[PDB]
Amino acid sequence: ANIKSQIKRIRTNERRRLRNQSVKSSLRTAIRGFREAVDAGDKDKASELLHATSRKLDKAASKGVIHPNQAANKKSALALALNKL
Amino acid sequence: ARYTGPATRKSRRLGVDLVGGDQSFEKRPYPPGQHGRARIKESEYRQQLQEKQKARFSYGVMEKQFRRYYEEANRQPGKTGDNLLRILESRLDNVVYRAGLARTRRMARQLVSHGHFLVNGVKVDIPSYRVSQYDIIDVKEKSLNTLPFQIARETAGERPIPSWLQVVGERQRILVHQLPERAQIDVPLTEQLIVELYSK
Amino acid sequence: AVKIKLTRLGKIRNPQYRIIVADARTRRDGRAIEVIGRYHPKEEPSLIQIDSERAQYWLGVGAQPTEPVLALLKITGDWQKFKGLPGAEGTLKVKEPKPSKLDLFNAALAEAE
Amino acid sequence: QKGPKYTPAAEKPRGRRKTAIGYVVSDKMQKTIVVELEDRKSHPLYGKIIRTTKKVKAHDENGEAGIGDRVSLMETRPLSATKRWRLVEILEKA
RNA sequence: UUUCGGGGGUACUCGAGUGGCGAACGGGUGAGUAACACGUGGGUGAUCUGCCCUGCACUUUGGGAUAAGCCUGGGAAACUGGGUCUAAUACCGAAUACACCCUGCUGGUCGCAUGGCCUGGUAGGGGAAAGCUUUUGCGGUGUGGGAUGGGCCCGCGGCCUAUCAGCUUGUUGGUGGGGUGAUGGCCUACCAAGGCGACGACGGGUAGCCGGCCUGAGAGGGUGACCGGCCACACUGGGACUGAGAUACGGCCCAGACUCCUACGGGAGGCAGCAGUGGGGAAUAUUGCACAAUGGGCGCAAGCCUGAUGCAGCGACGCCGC
């Protein structure tokens, strides 16, 4: 509030927060849809939902929104859940 | 600071002469003041303190400096007495006086403090300067013709120069072979009393 | 980045430095990974000592010298050895040793007689 | 003239995890035993040798260790709260 | 170019603006904290690491905006809405990568059990990038390895008090999920009933810890000023965001106390940074000089910034010398 760089950083941090929030919400929605599909119990829709969600996960990891380890953990969990079904 | 008042006072109080050729001390060898004749009580502390006062008033060194010297001497791996005596004897003014260039230690100190000497080719005016092995003490050329050094260089028949020093040049150079040992110091008093006093 | 800095020592008027290896984020007088030399500019030829092997290792892993340390590395030839451009030539102007006290003592004694 | 496309990592020798020998004093939890360890140091002031006791919690999958058995343990990463030891084998049963 | 009111170009240069990096270092204080906070030694087959160094492979292709500018509205102010318009190393889609990530099968090997390694083999799916500059030219992306900086867990060690004897219910353990960089009741559902304690749990009081410092023959006792390391905090109490990294001192959001502006609608602030002021007190300093040296940030560089720092001023406050 007192130093110019602080004010510029206020604006830039706000815009970065907006972008990260969008990406995280999209990832959460994709994972939730896959979980619902698995709960229904069909394989094929679960299969390419898993494919789309895994692609979304690592491509959001590349953007720096989430750590690559987090994307790996999520992908492992989803694939294991599908395999169990 | 420095002690400035009368000199024979200390000699009379301490019962020995410290200057060396003082007639007033011979005339009255008893302590000064009204009660200089009153008999005194005997105590070890009194004797030790009087020995320390003798030592530190012969060389003109104040109490704090003397205590620093004692700590230094005790720290050294010799024995405390002769170590302290050699530390005292290595002072620049004492070297100048013992070399016969000053009649009294006070004027040796006065000459040193006024920058009349030059040790190892660099001007030194610090009476407490300690002198190591193989030091050359010279009088700077400007003061060679002065009255004090004139009369110092034409009465070289006084007290003998100790072994560890040597006046070598017609210009009265001083060469230091090694720091004196207890045998060659030739000083009054007893160092053991001082060691006892400072161990109290 | 790990850097080769100069930390200050000595008293007020006389700065004497140690050539240390430390992270760029630490303070000037902070903890040092390694001490690989010393530098005394108050002396007339300004004594410089650099441990060549440790300097080579730290330059190899990628430590970045500061400008004074870079100048010293060029002087001692360690920088050129690390790069290899002209060769590693010692431009170091070492202090001239002083005659011994015994030499001058005997010279005075001989001059007397 | 071209450098390798893969640089193998410099091998690091494995560390030595701490080991202990103790006695089982509790086996009331699943897959977990409580082991008592004894240590004999010297008193820092009086110099006498003092025997001191300590309880650790170890992990054994099948739970073959009863109460009173001399067992062997090796340290490990935290398996739970307060669980930091792994049962190697039962030194002697009792 | 000119009527001297100024007008155009340039890009040397540069206010404001977008964008990058920095701002998490450096500087202060010792309130809290009896704790894995600190000291010392280990473990991480349970982990991250921007900039830096060094191998390898790339650096393809397309698009939609917007700040600034211009026009206009609201408000006392703080500040804020709408229209139009414009650029990028800003933002976004795709291709490629098969070094990387996930899953299935499978070989060998080392163990310290989960497991680790051989970039093992194999089948399927997938994951990027940015240009600028003619000059000692600087950059972008993935990936192998170093270096640095961490995170987490553990042994042992350093206060006083039973005129403080019981304490604990996510509390002790398991399973499946979730979460995290990572292990873990860290979180959660279910299951079992454990766990700690006179070798002093649970309470109460006090306290930043250490290298060190003072004293002492030594053992020991007292202490933690300067200097150096770690920790905690930044008006009080919570919270996340951005980021490689956050107790975010000179960031944000909320609540509270206090101080200030207001057209009563609403707004602003945080010296335990450097000087300085008031108060408290027996008692503790200048609203100084400079980036010349060292360290740091940005920049290709010249360079800019730095109350860090280097110096100076005041006080016999101390040591030393005259």
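- Naming follows the PDB entry, where chain D appears as 30S ribosomal protein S17 of Mycolicibacterium smegmatis MC2 155.
- In the PDB, the title recorded for this entry is "Cryo- EM structure of Mycobacterium smegmatis 30S ribosomal subunit (body 2) of 70S ribosome and RafH".
- Heading Function of the UniProt record for chain D holds this comment: "One of the primary rRNA binding proteins, it binds specifically to the 5'-end of 16S ribosomal RNA."
- Under the UniProt heading Sequence similarities, the note attached to chain D is "Belongs to the universal ribosomal protein uS17 family."

- The name the PDB entry gives chain A is 30S ribosomal protein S20, with Mycolicibacterium smegmatis MC2 155 as the organism.
- The Function field of the UniProt record for chain A holds the comment "Binds directly to 16S ribosomal RNA."

## Topic: the overall build of chain D
In step 1: Across its full length, chain D holds zero helices and five strands.
In step 2: Element order for chain D, N to C, with α for helix and β for strand: β-β-β-β-β.
In step 3: A compact globule built from 94 residues would reach a C-alpha radius of gyration of about 12 Å, whereas chain D, at 20 Å, exceeds it by more than 25%.
In step 4: When the backbone C-alpha atoms are referred to their principal axes, chain D occupies close to 70 × 45 × 25 Å.
In step 5: Looking at chain D as a whole, 24% of its 94 residues qualify as buried.
In step 6: Counting only contacts in chain D whose residues sit at least 6 apart along the sequence, the fraction spanning at least 24 positions is 49%.
In step 7: Within the structure as shown, chain D displays about 7700 Å² of accessible surface, and the carbon and sulfur contribution to it stands at 53%.
In step 8: Each charge class in chain D was averaged separately, 22 positive and 12 negative side chains, and the resulting centres sit 9 Å apart.

## Description of helix α7 (residues 105-113) of chain B
Residues and elements named next belong to chain B.
In step 1: Of all the residues in α7, the buried ones are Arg105, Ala108, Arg109, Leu111 and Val112. The arc that holds the buried residues of α7, viewed along the axis, is 160°, so those residues lie on one side.
In step 2: Buried residues in α7 make contact with α3 (44-58), α5 (80-89), α6 (92-98), β1 (117-119) and α8 (147-153).
In step 3: At the C-terminal side of α7, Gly115 shows a positive phi close to 70°.

## Considering empty space enclosed by the protein
Residues and elements named next belong to chain B.
In step 1: One pass over the structure, following the stated rule, counts two cavities of 30 Å³ or more.
In step 2: By volume, the largest cavity amounts to about 40 Å³.
In step 3: Along its surface, the largest cavity is lined by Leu101, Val139, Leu144, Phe149, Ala152, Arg153, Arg171 and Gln172.
In step 4: The element that contributes the greatest number of residues to the lining of the largest cavity is α8, accounting for three residues.
In step 5: Classifying every residue of the lining of the largest cavity by side-chain character gives five nonpolar, one polar and two charged.
In step 6: What the second largest cavity holds in volume is close to 30 Å³.
In step 7: Around the second largest cavity, the lining residues are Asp138, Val139, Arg171, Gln172 and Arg173.

Rules used in this analysis
Residues numbered from 1 in each chain as written, not as in the entry; some residues may be left out. Chains lettered and ligands numbered in written order. Part of a larger assembly, values for the part shown. Heavy atoms only, no water. UniProt positions renumbered as here; feature names shortened; annotations may be inferred. Helix = DSSP H or I, 4+ residues; strand = E, 2+ residues; numbered from the N terminus. Rg over C-alpha atoms; globule rule 2.2 N^0.38 Å. Buried < 20%, exposed > 50% of the residue type's maximum accessible area, 1.4 Å probe, protein only. Contact = heavy atoms within 4.5 Å. Areas by Shrake-Rupley, 256 points an atom, 1.4 Å probe, with all protein chains shown as cover. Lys, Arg positive; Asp, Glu negative; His and termini not counted. Charge placed at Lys NZ, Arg CZ, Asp CG, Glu CD. Arc of directions from axis to C-beta. 1 Å grid on protein atoms, 1.4 Å probe; cavity = no way out; pocket = protein on both sides within 12 Å on 5 of 7 lines; lining within 4 Å. Points joined across faces, edges and corners; volume = space filled by probe spheres on them. Nonpolar A, V, L, I, M, F, W, Y, C, P; charged D, E, K, R; others polar.

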